[PDB]
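> Enclosed are the sequence and the experimentally obtained structure.
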Amino acid sequence: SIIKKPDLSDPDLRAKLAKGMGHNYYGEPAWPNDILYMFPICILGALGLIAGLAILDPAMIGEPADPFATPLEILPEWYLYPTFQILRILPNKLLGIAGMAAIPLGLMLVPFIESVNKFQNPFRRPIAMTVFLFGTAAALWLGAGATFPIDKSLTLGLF
Amino acid sequence: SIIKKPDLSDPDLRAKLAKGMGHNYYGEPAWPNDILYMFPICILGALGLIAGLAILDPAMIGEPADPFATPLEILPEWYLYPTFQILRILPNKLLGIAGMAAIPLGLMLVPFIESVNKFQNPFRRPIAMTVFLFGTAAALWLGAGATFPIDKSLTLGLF
Amino acid sequence: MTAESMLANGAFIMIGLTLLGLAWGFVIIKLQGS
Amino acid sequence: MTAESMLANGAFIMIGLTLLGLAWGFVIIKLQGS
Amino acid sequence: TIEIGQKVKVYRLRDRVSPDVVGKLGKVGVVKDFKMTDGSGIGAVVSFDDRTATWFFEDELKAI
Amino acid sequence: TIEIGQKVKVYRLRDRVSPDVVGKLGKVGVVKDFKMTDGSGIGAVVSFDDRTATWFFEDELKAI
Amino acid sequence: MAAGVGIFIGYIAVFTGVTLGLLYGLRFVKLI
Amino acid sequence: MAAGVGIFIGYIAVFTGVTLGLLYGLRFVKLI
Amino acid sequence: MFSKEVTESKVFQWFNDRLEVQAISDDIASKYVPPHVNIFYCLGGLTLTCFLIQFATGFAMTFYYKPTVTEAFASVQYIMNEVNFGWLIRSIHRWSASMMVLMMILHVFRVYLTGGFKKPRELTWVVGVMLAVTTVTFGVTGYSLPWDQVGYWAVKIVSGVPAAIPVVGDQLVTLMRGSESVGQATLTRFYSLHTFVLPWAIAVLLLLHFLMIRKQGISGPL
Amino acid sequence: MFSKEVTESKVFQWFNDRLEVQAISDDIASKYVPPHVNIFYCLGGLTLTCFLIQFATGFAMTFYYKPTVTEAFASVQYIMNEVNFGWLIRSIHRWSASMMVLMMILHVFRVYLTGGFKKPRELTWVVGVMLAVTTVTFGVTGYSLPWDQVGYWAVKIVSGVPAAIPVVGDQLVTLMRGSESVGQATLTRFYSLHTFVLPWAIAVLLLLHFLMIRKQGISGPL
Amino acid sequence: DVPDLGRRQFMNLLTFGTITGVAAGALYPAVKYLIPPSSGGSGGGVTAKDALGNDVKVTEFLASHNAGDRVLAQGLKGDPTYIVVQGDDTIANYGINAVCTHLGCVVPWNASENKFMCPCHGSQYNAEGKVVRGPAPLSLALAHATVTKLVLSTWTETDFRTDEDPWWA
Amino acid sequence: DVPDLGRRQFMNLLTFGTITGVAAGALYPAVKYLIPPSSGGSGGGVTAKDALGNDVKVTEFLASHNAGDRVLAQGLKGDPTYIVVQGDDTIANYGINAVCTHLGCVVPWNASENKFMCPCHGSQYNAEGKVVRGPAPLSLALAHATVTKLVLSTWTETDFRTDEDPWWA
Amino acid sequence: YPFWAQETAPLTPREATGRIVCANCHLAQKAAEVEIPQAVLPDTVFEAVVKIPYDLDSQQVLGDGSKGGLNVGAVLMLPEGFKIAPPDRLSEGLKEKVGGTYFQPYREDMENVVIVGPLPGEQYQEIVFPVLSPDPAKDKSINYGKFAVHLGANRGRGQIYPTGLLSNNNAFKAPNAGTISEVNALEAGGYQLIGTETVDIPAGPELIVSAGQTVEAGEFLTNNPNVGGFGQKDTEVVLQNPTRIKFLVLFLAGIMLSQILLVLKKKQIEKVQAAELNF
Amino acid sequence: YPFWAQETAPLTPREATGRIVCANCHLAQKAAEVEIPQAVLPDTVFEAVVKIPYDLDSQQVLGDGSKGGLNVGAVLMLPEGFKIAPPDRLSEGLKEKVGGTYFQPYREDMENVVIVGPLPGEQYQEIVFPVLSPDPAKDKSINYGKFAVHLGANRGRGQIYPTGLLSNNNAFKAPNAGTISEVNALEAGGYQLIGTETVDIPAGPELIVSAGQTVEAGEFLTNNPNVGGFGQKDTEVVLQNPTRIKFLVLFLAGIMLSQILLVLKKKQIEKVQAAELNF
Amino acid sequence: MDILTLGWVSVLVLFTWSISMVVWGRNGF
Amino acid sequence: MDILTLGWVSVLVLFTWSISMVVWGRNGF
Amino acid sequence: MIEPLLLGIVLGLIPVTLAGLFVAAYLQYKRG
Amino acid sequence: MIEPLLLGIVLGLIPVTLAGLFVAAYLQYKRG
Ligand code: FES
Ligand code: FES
C-alpha cells in the first residue's frame, strides 16, 4: 500500500508526537486496508481454528460433583496453574494469598515504575527485559510445577 | 439564571436551525445547572417514590404454578391490557395478532406519515391531535375492557 | 382506605397532587422574590 | 497418536507452523509481481 | 435573514388569534427581538406603534 | 530542530550500534529523511560520504 | 382520609418553612 | 505422521496455487 | 464541567495530559437547555432512572433467584422472606417495572405532543418504539419468572398466540416456549432473555437513542 | 468509509442529512496504521474476537443451561448430547475461554515488549490489568457452572481461600460462596456473576480500554 | 486501467459473497442450536403421566376416581387430557384434550351441566368436547386411551363428533 | 458579594453530603441484601445429613459399617464429618470433620493405616483426627455425636488431643 | 350451606383454579365485596365488611315451595396467620358492629379461613368480620407482606344438593324429547310431566311449558326461580411492619431535604455564573 | 489379583475420588501409562498399549519368602460403549500383537471396564488392549465426544489380603513399645520378635531391628521388600464423528479461500488508492 | 398518628415536593 | 486417507495460512 | 391479577400529563 | 484435569510469540 508520510511541518502532529501520541496519523490507511480486509482475516482465522479445535477436541462431560469425594488431583484452568502452585508450595496460606493479589497489583504498577525510561524498545531497557524474562520463566516454572505432585512440583521431577 | 441568547449571526447555528436541530445551543447552561443539580432531583424523587410504593404496597407472592388449573381470571401486566383485550374480543386469532403487531409498526410509521407538516405544536397539528386523542381514548377503553368480563368488556358494563 | 379504592381515589389524588405540586413550586418562586 | 503425546509435539508444531506461516507469506509476497 | 430593528408589515397571519392581534395585521412595527418559532424558523417579535409587542412568524411578516 | 537536507554531524550514540556507526561517529553527513524513532522522537536518516544512510536520534546529531 | 390531609398540610408547611429558612438564611450570610 | 505431512504439503501447494492463479488471472483480466 | 480547582490540580493535569479529559468537559458545557424545555422533558430521563433501578435490583435478584420450575417459586419466596431486604428489592423491582412503562408512555406522550419525532428525528422515534417493545418484552419475560399461577399462565397464553399463523406460527411457538409446551425450557429461555439478551438489547438501543438525541439535540420550540 | 456510490445515494443522503453519518466515515478514514505495527498488534484484537465468540456461544448456552445443583450437570450433558450442535457450541465456548486468555497473555507480551504501556498510555495498561482480572474471573465462575467434580472442587478450593485473611476472611468466603458452604447459593451467585455481572464489567472495561486506545492511538515505533 | 466501479463491485461480490457463505455456514449450526431439539418423545403413544411426576398406573386410577368427576393427566404435547371413566370399570377409549382452542386456558369439567365450561372467556364444550358455543373455533383434541401402560395417541380416524378429518390429526 | 471558592465548596459539602447520606441509606439495604442470610441463629445441633441430603439416622448408621470404619455424613457448616463407630454398637461421641484445614480437600480415611491421608498434598491425620504430618497447620474440627437421632453440635470444650482451645470454636 | 362446603371439600374451600366450591352448587353469579384495609399493622383487630348485596324485596322459592326471604353466608379466606379476633380483643364499638354473628373456622388448624352463614339476609346485607392480624415478631411462620384475601359470599338457596340431586330452586330441563302428555298438580305445586319420558318436578318454579307442546331434550321446562347467587372477590391486604414505614418516612424526608439543598446549590451556581457573565 | 478387586468392590474399580481399588491393598506407587489414540472413529478396532514399566531384573519376595519375578495386571476402564474387540474383528497385525492375552470384563454389563492379569512381567511390560470403539449411530445411548479412559496398573504383589491380614511382602511395624527377646526363626524364614509383646513376622522381610535395641510402638521392624507398586493414569479418547471432520475440512477450506479473496480485494483497493493519489 | 397514614402521606408529599422542586429549580413549567 | 489426519491437518493448515495471509496482506511482519 | 393502586397511579398520571402537555402547547402557541 | 493439547498450544505459542517480538524489536533497534 502507498503509505502516508508523517507531516512533521504540522505543529499539531509535532505536539502530539512530543506527548507520545499521534502515531495513527501516518502510514497506510486504517480503513479499508486493515480494518475492513485484514481484521476479518484474523477474525475468520480465529473462528475457524476455534471451531476446528472444538470439533477435533470436544469438551468432556465430567462426572457429577460429589461433595464427599475429593478428586485425587484437582486442578484449575491452565491460566491459574502458576497461581495455584503459589498456594500449595507456600507454607503459610496468607502469604500465598498475598502473592496471588500481588500478581495483578504488581502488574498495575509496571507502567509507573517503567516510565522512568522513555525508550520503548526492549533492547534499550535491559533491566526491564531481565525482570520480564525472569518473571515469565518463573510463571512458566510455577505453572509446570502445578501439574506435578507437591513433592516433585518445585523440581518438575528433574532433580 | 443567565440565559444564553441564540447567536443567530452565526451561519452555522442558522443552518442547524434550518434542519430542525441546533436547539441545544441556546438557553440555560446544560451543565451544571440542569444535568448536575436538577437531574438528581428527579432521580431521588423516583428512587424515593419507588421505594415508598415498594414498602407500602410490597410485591405479592402468588400461588405455585398449577399446569392443570387455569385461574378464573388470568390477566397480563397493565401495559398489555389493551393488547390482551384485542386478543379476547376479536374472534379470529390472526386478526388479533395483526392488531398486536400493528400497534408497534403503526407507531414506527407515525413520524413518516406526520412529517409532511413541519409544525410541532399540537394546536397546529389538528388531524394528528385528533388521531392521537382518539387512539389514546381507544387504548384506555380497551385497557379498561380487559379487566371486565368478556360479556361486559366492550361496554364496561355501563350500558 | 381499602386497596380497591386506591384505583379511583389514588387517581384523583394524583391529578390533585400533580397540580398542587406544580402550583406550590410557583408559590415558592413567587415567595422567594429575588 | 495419543492425546497425551500432543503436549510436546503440539508445542513444536506451533513454533514450526508459526515460523512456516511467516516464511510462506513472505514467499507469497515475493511470488507476486511488483 | 431578517434585520433587527427593521419595520415589517404583516401580510398574512398563520394562526387564529385574538381580535387585537388581528388588528396588528397590516401595521408597521419595528422588530425588537428574535424568538424561535414552532417550525424552528427565526420568528420576530414586532413592536407596533401602540407598543403591543407581539411575536410573528418570519413567513407572516414582510420586510419593510 | 532538524530539517530535511540539513547537513548534520552525529556526536553521540544513545544505543549500542554496529561497526559502521562506530566509524560514523564524528562524520559529516547530509540529512536524507526523517526517521520515526522510539520515545516518539523525530529521528533523521543521514547520508554520509560513505554513501550509506543511517537513521539517528535527534539528540545525537548536531546541526551545523 | 382527613387525618391524611392534615398530616399532608403539616408536612408541606414544615418543608416550605425549612426551604425558605435556608434560602433567606444562606442569602443573608451570603452563601446564596 | 508422514501422511499428515503429505496432506499438509498438499494443502499448502493447492492453496498457494489457487492464490497465485487467482492473483495473476485477475491481474490479467485487469480486475485487480 | 471542571472547576478551576479541579483544572489546576496536578491529578487532573495528569489525566488531561494523557486522555485530554478537558475535551469532555468542553462538550458537556457547550450544550444549553432551550427555554421551551419544561418538566415534561424530564420524563424520558425518568424512564432511564426506572430502568437503572431495574438494572440494579435485577442484578440483586439474580444472586438468589433460581430459574428452575422446582425452585423458582421457592426462590422468589426465599428472596421475599429469608433474604435481607429481599422484600424491598423485589417490590422495588416490580414497582420500577410498572413505573418504567408508565414513565415511558408519558414520555411518548410528551415527544408526540411536542413534535419531537418530526424530521430530522424520525430515527430517534423509531429506536424509541424499538426500546418500548424491548421494555414490554422485559415485562412479559419477567412476569413469568416467579413461576406462580399468574406468571405461568400469562406465559402460557402469550406464548401460544403465535400459533395463529397456520404453518410458521407453530415454529414460532416452539421457539418462544423452547419446547412443545410451556415448561422448564420456557423458563430457562425466558430467564436468559430477561436477564441477558434483553438487557443487552435495551442497552444497545439506549445507546443508539441517546447518541441520536445528543447529536441532534432536543426538538424545537412548540 | 463510504464509497462514492454509497455517498450521494438518496438513502445515505437521508441518513447524513439527519444524523451526519459522514462525520463517522471521516473519523474512521482519518486514522492511519503506522509502519511499525506488525502481526503482533493483532493479538489484542484477537483477544476481543475470542471474547465475542464467548459472548455469542455463552448466549447460546444460557438458553439450555440450568444453574441448579440438581440440573446443572444434566443440562450440560443435555446441551452436549440432545441439543442440536450443543456439543459444538459448548466445545467452542470452552476452547474460546482458553484462547481468549492465551491471546490476552500474548497481547500483554506484545504491549509490554513494545513499550505500549509507557506514558501516556499508563491508564490503558491499568484498564488492561483490570480486563485480565475480569477474564480470569470469567474463567473461574465458568469452570464451576457444569457442577461436575473438577468444577465443584475447583470452586470449593478457590472460594475458601479468602478464609486465610485473619479478621474479615470468613465473611468474604461466605459472601463469594453465598453460603457457609459451597452449594446452591454458590452456584446461583457464580452464574449471576458469570452471565450477567462479569459481561457488563468486562464490557465497560473493554469500552474504556478501546476509548483510551482510540484517543491516544497506538504506541510509537520501537 | 484502474479498477472502475463495476470491477470494484464485482470483487466486492466475490470477497463478501464468500465471506457470507462462510458466515452462513457458521450461523446455521447456531440457528439449528437455538431451535429446540425435536425430542418430545415417540410422537405417537406418550404414556399419560399423573399430575405428579410419577406416571399414572391405569389400574390405580381405576381405583381412585370413584366416577365422581373427570380427571386430568399430562397428555400429548404436554397438555392435560381428561380421562373419562364411563362406567368406572374401564376408562373410555378416548381422552378429550382439555386445552381450550381460543387461547389455551385449561377447560374445567362441570359434571353438573355435563359440559366443559371454560372460565377464561366462556367457551363451552359438550361431553365429547365439541364447541356447543363460545369463541373457540375448533374443538378439543382427542387422544387414544388404552386400558393396558396407558398410551396417548392422536386421534387418527375421523372424530365421531363433527365427522370430519381431525384438525389436530 | 459573589460566593467565593470556600463558600461554594461549603454549599457543595452541604448538598452532596446530604445526597451521600441518602445514597448510603439506599445502598445499605442493597449491601445487607447481598450478604447471605444466616442459615440459622445458632449453628448447633445440626442434624447430620448425607450428600444426597436425606437425614442420617444414628441407628441406621450403626447397623451398617460394622466396627472400626469411618463414613462421611454431612455435618456442621455443610462439611462432611466422618462418624466413627468404634465397636459397631454406639457411635463415638465425637465426629472428625474431614475437611483439610489449610485447603478444602475432603480427607479420606484409610482404615488399614489407621490414619487420615489427604490426597491433594498428602496431609495426614491420626485416627483421632490430630495433625500428625503434612502441610496443614491446624487439625480437623470436632463435633458431638449422640447415639440415642444424630445431631452435631459445635465442639466448644477444650479438645482432648492438643488440650488447647479449639481453633474452630 | 357453608357446612356442606366443609363436608364436600374439607381440605379447603378454594380449588387450585381459585374457584370457591360454593359455585359447584350455587350456580348463579351475583356480586360480592370485601372492605379490607389496604394494610394492617401486626397484632391489631381490624374489620372486613363483607357486602353481600341482593335486592331486599326479591323473594326466593323456599324448599317447601312457598316463596320467602333469602339468607346470606360467606367464606372469607384470610391470609395465613389471620383469624377472627376473640371477644376480649374486640373494642366496644366493634362489639356492637359485629353483634352476635357466629364465626367458625372452615376447619381446626385453619382459623384463617372463616365461614359465616347462613344469616337472615334482611339484617346481614353487610357482615363485619372482625379480623385480628398476626404478629410476625411473635410467630416466625408469619411474615410482613401483601397477601391475598379471597371471599366467597352467597345469597339465596343453592341448586344442587351434596347428594347430587337438584333442589326446587332450579330451572329444570328436559331429560328426553318427549311430548307432555299429562300435567297434573294433585293439590301441590309438583308437576309429573310426560319417548314420553315421565319426569317429576317439585313445587318450586312455575312451568313455562305447561301447554301440550312437544318437548326436546335439553330445553328448559320451567323458569329459573333463583333470585340469589354466589360471588367471589379476591383482594389484598398488606401486613405492614411499622418500622418499615418509620424508616421510609425518614428516608423520604432525607430525600426532600436533599432536593431542597440541590435547588439551593443551583441558586448559588446561578449567582456565580451571573457574576461571571458580568464584566 | 484383579479378581480380588471384582470381589472386594464388584460395582466399580474406581471410587468417587477416582482412586482405583487396587491402591487399597497395593500400597506402593509406580508409574503406569496408556498409549490410547487421541480420537477413534466409530466401530473401529484400535489398540490401547498399557505400559506397566518396572525394572525387569528387580526381584520381589514371593508368598513363600523366596525372591522371584514380578507379575503385571491392569484395569483399563474404557468409556461407555467401548469393549474388547472380538477375535474376528482383530486384524492380523493386532491378532498377533495381542497374542493369547485373556481379557475379561470387570463384571457383566460392564464390558467397557476390562481387567487383565496376572501376567508374567518378563513378556508383558506392555499389554496391548485391543479396543473396539462403539457406533453412536447404531447405539442411541452412546454419543460422539471426548471421554475419559482410566487405568490401573499394578506391577507387583500386594501387601494386604482381602481377609485383611498383611502379606509377607510388607514392611512390618511395631504394634507396641517393647524390646526384642528370644528372637528366633519361628517359621522357615519367619521370625518371632518380642512390654515384651510377642509379635511374629513372615519370612519375606529382613529385620532392621534384630539388635537388642529397645522397640517403640509403630516403628518399622523390618525393611520394605516391596519392589513393585500400583499406578493409575487417566487419559482421554475422542469418539469422533467422521462427518464432523468432513464438514470441518470443508468449512476451513471455505475460510481459507475467503481469506485469499480478502487479500486480493485489499490489493485491488490499494491499486485504486495509489492511482487516486496520482493526478 | 397512624403510621400507615404517615407512610402514605410521606410518599404523596415526596411526589408533590419533587414536582415543586423541579418547577422551582427550573423556574417554570 | 485417514479422516482424523485430514481433520487435524485442516486446522494446522488454517493456522499456518491465516498467519501467511496476514503477513501477505500487510506486506510484511 | 389487577393491582388497583398501580392503575390508580396510571389513570391519574396519564390524563394529568396529557392535560399539562396540552396546556404547555397552548401557552407556547399563544401570541402575547 | 490437564488438557495436553491446549497446554501444548500454550507452550508453543508463548515462546514463539516472545521470540518473534524480540526479533521485531531487534530489527527496529538495529541501524541499517
Ligand atoms: S381460552 Fe377458554 S374461552 Fe378462550
Ligand atoms: S488439602 Fe489436605 S493435603 Fe492438601
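Yes, it's here. Numbering: from 1, shown residues only, chains lettered A, B, ... in the order given. Ligands and ions are numbered 1, 2, ... in the order given.
> any idea how far residue K:88 lies from chain G?
Distance of residue K:88 to chain G, given as C-beta to the nearest C-beta, to the nearest Å: 60 Å. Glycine gets a C-beta too; all of them are placed from N, C-alpha and C.
> so that residue touches residue K:63, yeah?
No. With contact defined as C-beta atoms under 8 Å, residue K:88 does not reach residue K:63; the gap is 9.5 Å.
> In chain Q, what residue comes closest to chain K?
residue Q:1 (14.6 Å; C-beta to the nearest C-beta).
> Return the distance of stretch I:185-205 from the chain's centre.
On the basis of C-alpha atoms, centre = their mean, to the nearest Å, stretch I:185-205 is displaced by 11 Å from the centre of the chain it belongs to.
> The residue lying closest to residue M:204 once chain neighbours are set aside: neighbour count?
Leaving aside its chain neighbours, residue M:204 sits nearest to residue M:168 (3.1 Å; criterion: C-beta to C-beta, 6 or more residues apart in numbering or on different chains). A count of nearby residues for residue M:168, using other C-beta atoms under 10 Å in any protein chain shown, gives 20.
> In this structure residue M:168 contacts residue M:200, no?
No. In this structure, residue M:168 is not within contact of residue M:200 by C-beta under 8 Å, at 11.4 Å.
> can I see the domain layout of chain A?
Using curated CATH domains, the domain ranges for chain A come out as A:8-65, A:66-159.
> same question, chain K
K:1-39, K:40-169.
> In a markdown table, list those along with distance to ligand 1 and mean neighbour count.
Shown next, in a markdown table, are the domains of chain K (distance: least, C-beta to the nearest ligand atom, whole Å; neighbours: other C-beta atoms under 10 Å in any protein chain shown):
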| stretch | distance to ligand 1 | mean neighbour count |
| --- | --- | --- |
| domain K:1-39 | 24 | 15 |
| domain K:40-169 | 3 | 18 |
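> for the ones you listed, which one sits closest to residue A:44?
Evaluated with C-beta to C-beta, the domains of chain K place domain K:1-39 nearest to residue A:44, the distance being 6.6 Å.
> which residues touch residue 32?
Using chain A. Residues near residue A:32 by C-beta atoms under 8 Å, 6 or more residues apart in numbering or on different chains: J:1, N:266, N:269.
> not what I meant, chain Q
E:53-55.
> tell me, which of the residues you listed make contact with chain Q?
Contacts with chain Q within the contacts of residue Q:32, as defined by C-beta under 8 Å from any C-beta of the partner chain: E:53-55.
> Need those residues in a markdown table (columns: distance to residue J:108 and secondary structure).
Putting those into a markdown table (distance: C-beta to C-beta, whole Å; DSSP: H, G, I helix; E, B strand; the rest coil) gives the following:
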| residue | distance to residue J:108 | secondary structure |
| --- | --- | --- |
| E:53 | 69 | coil |
| E:54 | 70 | strand |
| E:55 | 64 | strand |
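> what's near enough to touch the closest residue to residue M:179 other than its chain neighbours?
Ranked by C-beta to C-beta, 6+ apart and with sequence neighbours excluded, the top spatial neighbour of residue M:179 is residue M:214, at 4.6 Å. Residue M:214 sits next to M:177, M:179-180 when contact means C-beta under 8 Å, 6+ apart.
> Can you flag the buried ones in those residues?
Neighbour counting by 16 or more other C-beta atoms under 10 Å in any protein chain shown classes residue M:180 among the contacts of residue M:214 as buried.
> Name the nearest of the contacts of residue M:214 relative to chain F.
Distances from chain F to the contacts of residue M:214, taken by C-beta to the nearest C-beta, are shortest for residue M:177, at 104.2 Å.
> which non-adjacent residue is nearest the closest one?
Spatial nearest neighbour of residue M:177, chain neighbours left out: residue M:216 (4.4 Å); criterion: C-beta to C-beta, 6+ apart.
> separation between the one you found and residue M:178?
Distance of residue M:216 to residue M:178, given as C-beta to C-beta, to the nearest Å: 9 Å.
> Which one's more surrounded, the two?
Ranked by neighbour count (other C-beta under 10 Å), residue M:216 and residue M:178 place residue M:178 first, with 18 against 9.
> In which helix or strand does that one reside?
Residue M:178 is part of no helix or strand, with elements assigned from DSSP states H and E.
> show me the contacts for it.
Counting by C-beta under 8 Å, 6+ apart, residue M:178 has contacts M:194-197, M:215.
> Rebuild those residues as a markdown table, extending it with secondary structure, distance to chain N and neighbour count.
Converted to a markdown table, the contacts of residue M:178 look like this (DSSP: H, G, I helix; E, B strand; the rest coil; distance: C-beta to the nearest C-beta, whole Å; neighbours: other C-beta atoms under 10 Å in any protein chain shown):
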| residue | secondary structure | distance to chain N | neighbour count |
| --- | --- | --- | --- |
| M:194 | coil | 67 | 16 |
| M:195 | coil | 59 | 12 |
| M:196 | coil | 65 | 13 |
| M:197 | coil | 60 | 14 |
| M:215 | coil | 62 | 23 |
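> Out of these, which is nearest to ligand 2?
For the contacts of residue M:178, the minimum distance to ligand 2 (C-beta to the nearest ligand atom) is 86.7 Å, reached by residue M:197.
> Please give me every residue in contact with the closest one.
M:175-176, M:178.
> Residue I:138: what secondary structure?
helix (DSSP: H, G, I helix; E, B strand; the rest coil).
> Run a quick neighbour tally on residue A:27.
Counted with other C-beta under 10 Å, the neighbours of residue A:27 add up to 23.
> who's it bridged to?
Applying DSSP bridges to residue A:27 yields these beta-bridge partners: residue A:4.
> which one of the contacts of residue A:32 has the most neighbours?
residue N:266 leads the contacts of residue A:32 on contacts (other C-beta under 10 Å) with 24 neighbours.
> Could you look over the domains of chain A and pick the most buried one?
domain A:8-65 (a mean of 20; mean count of other C-beta atoms under 10 Å in any protein chain shown).
> And the residue of chain M closest to ligand 2?
For chain M, C-beta to the nearest ligand atom, closest residue to ligand 2: residue M:140, 38.9 Å.
> Check chain E too.
Using C-beta to the nearest ligand atom, the single residue of chain E nearest to ligand 2 is residue E:40, 73.5 Å away.
> Skipping adjacent residues, who's closest to residue K:40 in space?
Residue K:40's closest residue in space is residue I:180 (C-beta to C-beta, 6+ apart), at 5.0 Å.
> got the contact list for that neighbour?
I:174, K:40, K:77-78.
> hey, C-alpha coordinates of stretch E:40-47 in PDB?
The C-alpha coordinates for stretch E:40-47 follow below in PDB (Å, rounded to 0.1, in the frame of the first residue of the first chain):
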ATOM      1  CA  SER E  40     -37.500  26.100  14.100                       C
ATOM      2  CA  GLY E  41     -37.700  29.200  12.000                       C
ATOM      3  CA  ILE E  42     -36.500  32.600  13.300                       C
ATOM      4  CA  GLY E  43     -39.700  34.400  14.100                       C
ATOM      5  CA  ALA E  44     -39.500  38.100  15.000                       C
ATOM      6  CA  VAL E  45     -41.200  40.000  17.900                       C
ATOM      7  CA  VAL E  46     -42.800  43.100  16.400                       C
ATOM      8  CA  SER E  47     -43.200  46.300  18.400                       C
END
